[PDB]
Structure formats: structure tokens, C-alpha cells
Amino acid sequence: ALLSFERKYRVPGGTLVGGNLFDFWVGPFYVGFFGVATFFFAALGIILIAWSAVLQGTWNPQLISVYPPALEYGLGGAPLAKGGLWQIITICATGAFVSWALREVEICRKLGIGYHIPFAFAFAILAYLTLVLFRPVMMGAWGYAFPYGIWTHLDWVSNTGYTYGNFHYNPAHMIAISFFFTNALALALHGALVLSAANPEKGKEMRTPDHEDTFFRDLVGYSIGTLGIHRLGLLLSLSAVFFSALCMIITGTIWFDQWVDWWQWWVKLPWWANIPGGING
């Protein structure tokens, strides 16, 4: 079933692999080679997870958990029940994501749009790979990665954080968090602006971009614009995620002591390091 305007766009074309072979829809979903790939990977991974949920012995979603190889196993493989499943599921998930991204590319091509979406998605995927591939590998073991469970991945976050004291003092983490927070503020504002214009006071006519620009200039002396605010959402959000992955790729590798102590580079700068008074002397 089609949206009222959909048919004219459902033409052949834009696949990267397989020519016309998988070029078709199932319902609203486009397939394509990478739609098959994705299915395959995701199906496998879910199968294996449901297995792990038997080799551990539960069917509760709040308990199921797939742990990586213990640290003793290094970068080598590990028996299924002791983190091989995880190992394979991690391959499956990467397969499913990258396939999803390439499928997004195929859709773009059939629709004659830019590739900005799957380019953006790629940044979430690199974040995932940092946690389960690039960090662990550079640290020497699959065991440093996080496990696949709802509440258990939270524990990993907590242990991993507190291993370096209060993780707040990781500077890239501070920057990432600034982006996440700003992004949420920008999303809120954008959403509300577009809507305060499209839905004015009872009986008034739709306002205009001119009103939108105007409202922000009145309020804070600047309006970024309608092109700019979408430019910004995308930069805020991608940058939050870039600095996220950065904040962790460096933790346990180029820096491994307590993050709070890292700040002493500032304080011990020679020109003020021994001036009496203040919090530090």
C-alpha cells in the first residue's frame, strides 16, 4: 500500500549491487541487495541472542545478556557460551548496520536526494565500533567492550566510568555533553518556532519565515535562518557523537589514570603554579 503520492517515485533504478534483482518493495519497505543483507545479519544475530538466552538459561528481557570474552582471551576467539556468541553477534550487528546504511544510499539514489542521512547514520555506527572494536582492540581484549543486555550494559557504563574516578572530568566528555545538551535545546527551539509560525493565535494567518527570523532577533538579537538551523541540528548532533567516540577511544589508551588529575596540566603551568592563595596553594 502506497501513500497517495508514492507511485510516481517507485521507478526502477539506483541500486548499487544486483541491478534489478532485488529492486522492489515488501509493503512500504524498500528491499534491494542491502535490504536482504540486513535481514540476513539481523536474523542471524537475533537467533544467536535467543540462543545465548538458553545457554545462560532465561527468557526475560530484563535479564538476557550476552557477554564478551573474558580478558584472559585477549583478541582471540572464545567458545560460544563464553563470549563467542557475542563475538559473532557483534559481527552480525556491524553487518546489519552497514547494510542499513548502504540500503539508505540506494533509496537516496532512487529518490534523487543527497546522501546526508546515511552519512549521518555513519556517525552512530562509528560510535558503536569504538565501543566494541576500536577501543577493545587497542586495549588488547574483547572483554573491554560492553555486553548486550539492557540493565547489564548500564553496569558496564558505570564500572568503566568509575574506573577513572568521576568520568565527568574527561574533557572530550564535557564537550560531547555540551553538544548533546545544545542539540536538545536547538531541537526544542526549532520545533517550537516552525510550529508557532504554522499554528498562530486563533483566527490569525500562518506566519512566515520573516516572522521566524523576526522572533529570534527580537528575543536574542540573532536568527540563524531556516537553512542554518538544519545545518546546526546536524552539526550539533554529529559533533556530540564524534566527541563521544573520541572521549572513549582515548580512555584506557592515551590516558588511563584518574581523569580529574589530568587537569593539573593547567594548574601547574609555571607562570602561576606557586603563587600562594586560591584553591590550589
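Residue positions are given as counts along the sequence shown, with the first one as 1.
Is the mean CA B factor in the deposited entry higher across 74 to 82 or across 148 to 156?
Looking at the recorded C-alpha B-factors, 74 to 82 comes out higher on average.
Mean Cα B factor from the PDB record: higher for 55 to 63, or higher for 212 to 220?
Averaged over C-alpha atoms, the B-factors run higher in 55 to 63.
Given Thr163, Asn199, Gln87, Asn170, identify the residue with the highest C-alpha B factor in the PDB entry.
The listed residue with the largest C-alpha B-factor is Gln87.
Sorting by Cα B-factor within the chain, modelled residues only, which third would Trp271 end up in: lowest, middle or highest?
Answer is highest: the recorded C-alpha B-factor places it there.
Tell me, lowest, middle or highest third: where does the Cα B factor of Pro12 rank within its chain?
Lowest third - that is where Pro12 ends up once the chain's C-alpha B-factors are sorted.
Sort the modelled residues of this chain by their C-alpha B factor and say whether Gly140 lands in the lowest, middle or highest third.
CA B-factor rank for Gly140: highest third.
Grab the CA temperature factor for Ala37 from the record and place it in the lowest, middle or highest third of its chain.
Its C-alpha B-factor belongs to the lowest third of this chain's values.
Among the chain's modelled residues, which third holds the C-alpha B-factor of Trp25?
As the PDB entry reports it, the C-alpha B-factor of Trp25 lands in the lowest third of its chain.
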